[PDB]
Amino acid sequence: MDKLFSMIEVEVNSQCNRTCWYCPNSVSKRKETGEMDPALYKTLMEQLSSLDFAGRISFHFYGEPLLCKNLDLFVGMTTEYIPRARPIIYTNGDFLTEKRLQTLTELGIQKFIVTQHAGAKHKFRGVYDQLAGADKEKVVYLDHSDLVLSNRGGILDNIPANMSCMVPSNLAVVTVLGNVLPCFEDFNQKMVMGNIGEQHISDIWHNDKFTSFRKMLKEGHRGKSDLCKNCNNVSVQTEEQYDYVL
């Protein structure tokens, strides 16, 4: 029986305020849009609770989590249902004030992965520079120039263990409508594994499609998948839970 995912990334809202040249938002729109139905997030929390999920949970796919109107609710529910899990927010930081950071931290966020992206310098620069140490220690502050740019499953043409990949052995994405993907690169949802409104995520994780896919990619057979065949992402090649990889 395959190990449960150690990481789950939830699309609590589909939209972003930016259109980075190295992001599919610059060239396509998400095929699902909106904010996650609170009842669906509750269903996800019930399922993760039933598994004693204690890995990383994050709140983005290709949108900006601080735009989620129910972010406070969802972070609070995370702490209530899966107190052993590690909530980590990746954010462009454009909306991240000190007050916002502190509210989120109090509700359960353990780390913020904040990236200053191409274009306008955000106000978080000055906020970060003024943060007390205890808050500052909770932030990994990246520039987009620090990222190891992936072509996002071959969507981006302007972007140039070997080929092994462990993402689908370690991680699941839940889209805003509850569809489960095996990788965060699957912007176009080429590999929907199931929907958590119809099946328990554990059963989806362990189904033949998902089990076969993760074995295939562990062996480095990217060529056998429309999702992976042109993918240049080699950042996740071990079995370990991570907070972030560049």
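Heads up: residue numbers just count along the shown sequence, starting at 1.
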**Item:** Between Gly133 and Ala134 - deposited residues without coordinates, as a size class
**Value:** none
**Request:** Averaging only over Cα atoms, indicate whether 80-88 or 123-131 has the higher B-factor in the PDB entry.
**Result:** 123-131
**Request:** Check the entry's C-alpha temperature factors for 148-156 and 171-179, then say which stretch has the higher mean.
**Result:** 148-156
**Prompt:** What's the residue among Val114, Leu96, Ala161, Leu104 with the greatest CA temperature factor in the PDB record?
**Reply:** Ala161
**Prompt:** Which listed residue, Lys42, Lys209, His60, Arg56, has the largest C-alpha temperature factor in the record?
**Reply:** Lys209
**Message:** Split into thirds by Cα B-factor across the chain's modelled residues, where does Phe5 land: lowest, middle or highest?
**Reply:** middle
**Asked** With respect to C-alpha B-factor, does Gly194 fall in the lowest, middle or highest third of the chain as deposited?
**Response** middle
**Request:** Tell me, lowest, middle or highest third: where does the Cα B factor of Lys224 rank within its chain?
**Result:** middle
**Entry-reported Cα temperature factor of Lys69, expressed as the chain third it lands in** = lowest
**Prompt:** Going by the entry, which third of its chain does the Cα temperature factor of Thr238 land in?
**Reply:** middle
